[PDB]
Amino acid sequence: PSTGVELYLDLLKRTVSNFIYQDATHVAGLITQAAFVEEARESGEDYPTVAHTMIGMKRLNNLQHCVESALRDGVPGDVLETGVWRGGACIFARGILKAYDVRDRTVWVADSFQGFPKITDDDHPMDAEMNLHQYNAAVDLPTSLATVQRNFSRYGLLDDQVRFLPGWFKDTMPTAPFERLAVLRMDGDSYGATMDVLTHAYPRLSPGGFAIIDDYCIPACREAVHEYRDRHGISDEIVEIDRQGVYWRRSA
């Protein structure tokens, strides 16, 4: 990075993922030690105790790629992340728009702001077995709307181009008041959250727009992706980002 924009976006990635102060990770899943590990934060594989995003540098770089490509190529629409936790990825998205002085696109921040949902008999069997709800406390996942707003304000990026969609995706997505998306970033882990958002938000993704599946390594997530793509006859190349995420670019 040499230009002001390049320096800003580089620093913003380093800051939301907190390579700057390198906070400890929660101990959960495959992470058995609390110590900061560079490689884990680089590929977004730990559970930061303090950092504002857990998606890591490779998926932040991907988000930047997708937003910049949409801007460059004149792909119409907003940016939506479904599953935002402390807000770091959406903060970075808003910063990208800020850096290029884009005044006519919005970052939509969608989340229960309550962590993973309690499982009921309505849930897909794979979601029920996985029961993501059980690790809400373990990785400090429930994060209120007020806290996420607090966090945008800390980098000076809380403004009218950031809009919030509080609630469960099955409830908020069908009538969410955006008309077009240039980037749809899905990070809700489950079959349910993935299918909710593909069903109700993907049709508003512009041709040339990007669909990012953060959690593709999770079998329930991946099953929703393939079910949805099969149903709609979507054959757009699935491109791998790191050990967790993939994306495709919508051809039509």
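The first residue of the sequence shown is number 1, and the count goes up from there.
Compared with the other entries of this protein, residue 227 is consistently built, present in every one of those that build its neighbours rather than absent from a third. Compared with other entries of the same protein, residue 42 falls in the group left without coordinates by at least a third of them, where both flanks are modelled.
For the two regions 92-100 and 78-86, the entry's Cα B-factors average higher over 92-100. Stretches 8-16 and 21-29 differ in mean CA B factor, with 21-29 having the higher one. Of the candidates 196, 227, 189, 38, the deposited coordinates give 38 the top C-alpha B factor. Per the deposited coordinates, the residue with the largest Cα temperature factor out of 51, 34, 184, 217 is 34. Among the modelled residues of the chain, residue 154 sits in the highest third by CA temperature factor in this PDB entry.
Looking at the C-alpha B-factors along this chain, the one for residue 138 belongs to the highest third.
When all modelled residues of the chain are sorted by CA temperature factor, residue 69 is found within the highest third. When the modelled residues of the chain are ordered by C-alpha B-factor, residue 161 sits in the highest third. Residue-level temperature factors show residue 123 in the highest third of its chain, judged at the C-alpha atom.
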